[PDB]
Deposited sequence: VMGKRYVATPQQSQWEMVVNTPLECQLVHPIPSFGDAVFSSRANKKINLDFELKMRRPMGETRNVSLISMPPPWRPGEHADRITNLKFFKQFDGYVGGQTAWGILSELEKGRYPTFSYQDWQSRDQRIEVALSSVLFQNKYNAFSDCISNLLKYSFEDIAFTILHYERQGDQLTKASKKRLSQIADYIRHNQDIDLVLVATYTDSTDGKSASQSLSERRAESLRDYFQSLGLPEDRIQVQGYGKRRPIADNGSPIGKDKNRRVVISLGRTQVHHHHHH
């Protein structure tokens, strides 16, 4: 028997894309009284998706948690009907990632209501659930997917790059070195909490270096961001090396 079940009221299930970027797609569903069910995916080489049950009022050690499906806005009926089992967690801490997370999705679209079964409070008692309605889900999911498809296929897989100019003469950038720049610019721009650091560790020349540094300073001043994300640290190739930022 169930005592408490957080689920949103059939109408009131709002699904929102809180984040739509070539960097991270985040789909949210507030749980009517429990908290939010957040879905995230970020720019990376391999496809990814982690789910996070963002509790708003805590409980703090949840053991033997189960995952399943069932549309409840309706009347007298059984749960037994067709209750697909998704997974069991000896220990659940509000997180999920991988195929499991893709499940919760696969379900929701099917119309089903993924729900987390808890036996936390008191000891022996009714099941205190937490479900996610699949009301609007679909509209937004289609937005979620699109967002994922346009997700950059790389992460901080460009934290430190060494540009290789050709003919050695210096000033002319290679075909690739140019492909690595835009690449590095296509990221940078959508994340303005990260900055550029032009590194010349130092046979080249001071004359070359300088006009060779200006080149990117423009190359980037052209693309989008300005005069401050660029820092040209001197100490001992014009090697771009970005550190996080902060």
key: Unmodelled intervals of the deposited chain, in order   = 203 to 209, 244 to 261, 272 to 278
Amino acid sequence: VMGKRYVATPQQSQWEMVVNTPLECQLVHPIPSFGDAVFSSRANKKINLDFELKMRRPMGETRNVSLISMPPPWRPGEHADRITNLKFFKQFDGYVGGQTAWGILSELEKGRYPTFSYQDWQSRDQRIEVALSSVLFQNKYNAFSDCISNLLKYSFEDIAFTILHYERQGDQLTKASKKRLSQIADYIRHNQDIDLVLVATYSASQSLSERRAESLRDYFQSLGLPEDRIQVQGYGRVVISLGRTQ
From here on, numbers count along this sequence of modelled residues.
task = Select between 35 to 43 and 61 to 69 the stretch whose C-alpha atoms have the higher average B-factor in the entry.
result = 61 to 69
key: Of 162 to 170 and 143 to 151, the one with larger mean CA B-factor   = 162 to 170
Options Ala204, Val28, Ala185, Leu49 - largest CA temperature factor per the record = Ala204
request  = By the entry's C-alpha temperature factors, tell me which of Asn85, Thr100, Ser123, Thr115 sits highest.
outcome  = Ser123
inquiry  = Taking only the Cα B-factors deposited for this chain, tell me whether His79 sits in the lowest, middle or highest third.
reply    = highest
ask   = Would the CA B-factor of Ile194 place it in the lowest, middle or highest third of its chain?
value = highest
task = Select lowest, middle or highest to describe the third in which the CA B-factor of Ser222 falls within its chain in this entry.
result = highest
query = Is the Cα B-factor recorded for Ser134 in the lowest, middle or highest third of its chain?
reply = lowest
query = If you rank every modelled residue in this chain by C-alpha B factor, which third holds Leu208: lowest, middle or highest?
reply = highest
